[PDB]
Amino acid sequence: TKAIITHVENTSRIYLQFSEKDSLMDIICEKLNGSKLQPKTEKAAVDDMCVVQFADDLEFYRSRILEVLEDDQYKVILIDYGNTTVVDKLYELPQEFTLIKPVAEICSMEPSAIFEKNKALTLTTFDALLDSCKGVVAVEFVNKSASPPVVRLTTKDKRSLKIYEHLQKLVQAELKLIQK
């Protein structure tokens, strides 16, 4: 099955939107960016659901409060995607979205000490790898009962690049160039 990677926390915590939900994601975006949203009139608390404007693209997203910060700021998660950001204004979540689960689901790649011993290098290499397929991946489940479920990811393009094995190879190659 096909999905798009929308956020990487680490190799064991990856947010993906599975293709079955592409139209649903489009409708959420269209509805949030198509009508006037209502600013909140009092402070929110951790875990409150709301909507924020994302500074990077100026568009609107379903959000959940992660932290109540000083200076009336909030760290929030964009629940449909997984990335976090800091905003100074919150909007009410329109009622029609209340029961709709977050679009993105969390999965994990297989474990590797290479990834754990070299976190920053692994993540920057992974980012470049994902950019090379614009985040579009084929997904096979290794362990569905795990939390997050463990998966194998392949670039959804002509290379069919095997990400778990390839990422290990690239990281080891850079470490070897520097250290040997």
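Each residue number is its position in the shown sequence, starting from 1.
Task: 81 to 89 or 68 to 76, whichever carries the higher mean Cα B-factor - done: According to the entry, 68 to 76 carries the higher average C-alpha B-factor.
### Stretch with the higher entry mean CA B-factor, where the candidates are 149 to 157 and 34 to 42
Here the higher of the two C-alpha B-factor means belongs to 34 to 42.
Among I28, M49, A138, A55, which residue carries the highest C-alpha B-factor recorded in the PDB entry?
-> Largest recorded C-alpha B-factor: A55.
Ranking the modelled residues of this chain by C-alpha B-factor as given in the entry, is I178 in the lowest, middle or highest third? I178: CA B-factor falls in the highest third of its chain.
Sorting the chain's CA B-factors, does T11 end up in the lowest, middle or highest third? It falls in the top third of the chain.
Practice task
Select lowest, middle or highest to describe the third in which the CA B-factor of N118 falls within its chain in this entry.
Solution key: Bottom third by C-alpha B-factor.
**Q.** Record-listed C-alpha B factor of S132: chain third
**A.** Answer is highest: the recorded C-alpha B-factor places it there.
In terms of the CA temperature factor given in the entry, to which third of its chain does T125 belong: lowest, middle or highest? Answer is middle: the recorded C-alpha B-factor places it there.
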